[PDB]
Every structure is written in C-alpha cells, then in structure tokens.
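>>> let me see the structure of the following:
(chains A and B)
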Amino acid sequence: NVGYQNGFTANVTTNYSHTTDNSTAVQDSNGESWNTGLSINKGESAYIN
Amino acid sequence: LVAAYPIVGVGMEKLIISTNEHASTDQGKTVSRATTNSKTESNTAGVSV
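Numbers count the residues shown, from 1 in each chain, chains lettered A, B, ... in the order given. Shown next is the protein structure:
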C-alpha cells in the first residue's frame, strides 16, 4: 500500500515458504501455446520429463 | 511424574473414487472431494445429554 502511519516500515505476508519451495518460471515462450505443439483433445493425457 | 512418550496417527484430506484401477483418462470417470477431519468425534457419540 502507500503509507504505514507508524514506525513499522515492514510488510506482512501470508505465505512463508523457505528456500526449498521454488517455482520454475519459463522463458522464451514466444507466444506459441503448449497445446498447439502436440495434438491433444479433451480426453487425452500427456507426460512430463 | 509425567511420562514422555508420543502418540501418533494418520488423518485424511481428500477422497477420490474411481470405477477401475486406472480409469482416469479412457476407461470411465472419477470423482474427488475435499474433506476435513477431527480427532475426538467418537468420544461424544455415546453422550446422551
């Protein structure tokens, strides 16, 4: 937010995961979606490696 | 005078019901619901107030 109006100068979060919970952020997605590279319909599956 | 030994159990979070053992994509459909548990519930079943 904008101001604090007290001597806090700090911020309160609601999630306090340590440095063992990390989220992979993809680069160079280039607009092309995931599903347009592999022919997958509504009732199909895909595998991760 | 107070013993020190722990008491340990298991608690469920969410149910998943399916028709076949691996029917998640091609051999039917499943259902899934999130639950909550409580430790002492059978202790107060026999309380006739």
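>>> what separation do you get for residue A:34 and residue A:48?
Counting by Cβ to Cβ, to the nearest Å, the gap from residue A:34 to residue A:48 is 12 Å. Placement of C-beta: from N, CA and C, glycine included.
>>> between the two, who's got more neighbours?
Remark: of residue A:34 and residue A:48, residue A:34 carries more neighbours, 10 against 3, as counted by other Cβ atoms under 10 Å in any protein chain shown.
>>> which residues touch the more buried one?
Not one residue lies near residue A:34 by Cβ atoms under 8 Å, 6 or more residues apart in numbering or on different chains.
>>> tally up the residues packed near residue 26, please.
Picking chain A for this. Neighbours of residue A:26 (other Cβ under 10 Å): 6.
>>> hm, I was asking about chain B
Here the count is done by other Cβ under 10 Å, and residue B:26 has 10 residues near it.
>>> now chain A against chain B: closest residue?
Ranked by Cβ to the nearest Cβ, the top residue of chain A for proximity to chain B is residue A:45, at 4.9 Å.
>>> got the contact list for that residue?
Each residue near residue A:45 by Cβ under 8 Å, 6+ apart is listed here: residue B:25.
>>> swap in 10 Å and give it another go.
Contacts here follow Cβ atoms under 10 Å, 6 or more residues apart in numbering or on different chains; on that basis residue A:45 touches B:24, B:25, B:26.
>>> quick one: residue A:5 from residue B:35, how far?
Counting by Cβ to Cβ, the gap from residue A:5 to residue B:35 is 43 Å.
>>> who has more neighbours, these two?
Counting neighbours by other Cβ under 10 Å for residue A:5 and for residue B:35 shows that residue B:35 has the greater number, 9 against 5.
>>> what residues are up against the more buried one?
Going by Cβ under 10 Å, 6+ apart, residue B:35 touches B:11, B:12, B:13, B:14, B:15.
>>> how about the first one, nearest residue that isn't a chain neighbour?
So that's residue B:11. If you skip the residues right next to it in sequence, residue B:11 has residue B:37 as its closest partner in space, 4.5 Å away by Cβ to Cβ, 6 or more residues apart in numbering or on different chains.
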